[PDB]
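The chain below stands alone, shown as structure tokens; this is the form deposited in one PDB entry.
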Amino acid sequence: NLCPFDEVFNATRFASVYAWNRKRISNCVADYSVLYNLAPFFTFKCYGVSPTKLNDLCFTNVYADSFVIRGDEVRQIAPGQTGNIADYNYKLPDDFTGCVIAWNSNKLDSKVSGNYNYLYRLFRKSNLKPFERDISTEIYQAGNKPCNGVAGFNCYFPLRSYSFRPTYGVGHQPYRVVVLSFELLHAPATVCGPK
């Protein structure tokens, strides 16, 4: 059956990157017209998989992970990269077999007053494990005084709002990102294409 990429790519509201939405899709056929209708992509990168041969891929589940990030941070949605998004929000495993698709969403997600609805985690005690989700709001103790649950000096609320305004530079504009991760049944070399 055709993948519900309609719900993945034309979702009305994307997730905050810390609350990145995961959809599990049972073995499905990629309608590439759904993907390609979004162009130009800032990123359409695939690791291990050939982007045009996604239907030849022997897979049982695809996970689509959807979130909004800044355009200059889209670099960090790749294996081995480091920075606030990789380290504290969404870590790709180094052995990722999948695609990262990122398109500019300045038209939808910014507002002239600034859209402060998209949160990202700025502080965490240790790096995020691959595909770990946090969504905690415990005050981050950055110093030798425990915070007692009150924000203050060395006592930060872990989440910070992105500022998205139409007028911001291309690097500071909101990009929607979808990560497709495939549970491969055998290997990219084995062919299981629809008959």
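In this text, the rigid core denotes the largest set of C-alpha atoms whose superposition between the two forms falls within 1.5 Å. Note that residue numbering begins at 1 and tracks the sequence as displayed.
This protein has a second form, the form deposited in another entry, left out of what is shown; the following refers to that one.
Aligned on the rigid core, do the two forms place the Cα of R22 2 Å or more apart, comparing between this form and the one not shown? Result for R22: no, shift under 2 Å.
Is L38 among the residues whose Cα moves by 2 Å or more between this form and the one not shown after superposition of the rigid core? Comparing forms between this form and the one not shown, the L38 CA shifts at least 2 Å.
Does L159 count as moved between this form and the one not shown, where moved means a C-alpha shift of 2 angstroms or more after fitting the rigid core? The answer is no, as the C-alpha of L159 shifts between this form and the one not shown by less than 2 Å after core alignment.
Considering a change of 3 Å or more, are the Cα atoms of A189 and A78 closer or farther in that other deposited form than here? Farther apart in that other deposited form, by 3 Å or more.
If the CA atoms of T190 and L180 move by 3 Å or more in that other deposited form, do they move toward each other or away, so closer or farther than here? Compared with the shown chain, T190-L180 is closer in that other deposited form.
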